[PDB]
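This report concerns only the one structure given below.
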Amino acid sequence: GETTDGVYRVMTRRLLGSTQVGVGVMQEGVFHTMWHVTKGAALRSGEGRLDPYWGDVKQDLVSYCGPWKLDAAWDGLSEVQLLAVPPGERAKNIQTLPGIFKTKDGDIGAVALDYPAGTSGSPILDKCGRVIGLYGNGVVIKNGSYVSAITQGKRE
Amino acid sequence: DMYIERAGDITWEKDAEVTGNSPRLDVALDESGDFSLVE
Ligand SMILES: CN(C)Cc1cc(/C=N/c2cc(Cl)cc(C(=O)NC(C)(C)CO)c2)ccc1O
């Protein structure tokens, strides 16, 4: 199949035509997406298959073919870059200074960019091009805009 | 059934479009992984 590093779409033919349910990161031969995108289901790559390895509904994260490999963290200061892969549309880098989710269990970065649900699993990048987390778990604000948590995992 | 397509490389792009705000939000995180606005 395909094992190359990079950003991928996640597609299904279970609905009308070919529908994009979300997006993920291939790194070190491991595929990273958000639990809500696949609900832990197996994935096809050519005639290659990808089985789930790790997943957590509360982290809203899942890895395939190996443990979670992305460790980089938002510094709390710098503009990041999202890599939006919207349905039917080319990958596009959007620059934004994150906001914060204040939780009863510590602070996490947040990104106030409007994209449709299928963009879920689109990655967020620091200035060295490291994936500091994944975009598409979050909350609707007064405005009616979207603000994703910056979701990230732990590397063993 | 679900399949993946390489949609691009992962790089920082010098002069990307720059947009959005940076709001500070009080939220909860439930057992189901749902974030909600605390006020
Ligand atoms: C534990 N739950 C909460 C995980 C979960 C997540 C989602 C995805 N939610 C999104 C993700 C994005 Cl990237 C965007 C949007 C959106 O609505 N954006 C707009 C601009 C407003 C367009 O309408 C929603 C879906 C079902 C689920 O269970």
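Don't overthink the numbers, they just go from 1 along the chain as shown.
Header lists the method as X-ray crystallography, 1.7 Å.
Even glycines carry a Cβ here, placed using N, Cα and C.
As written in Swiss-Prot, here are the features:
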- A:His36: active site, charge relay system (ACT_SITE)
- A:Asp60: active site, charge relay system (ACT_SITE)
- A:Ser120: active site, charge relay system (ACT_SITE)
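For the pair A:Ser120 (active site, charge relay system) and A:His36 (active site, charge relay system), the C-alpha distance works out to 8 angstrom. Non-local contacts of A:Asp60 (active site, charge relay system) by the CB criterion (under 8 A, 6+ apart in sequence, same chain) comprise A:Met34, A:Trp35, A:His36, A:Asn137, A:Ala149, A:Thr151. When Cβ atoms from all protein chains are considered, those within 10 Å of A:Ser120 (active site, charge relay system) total 26, not counting its own.
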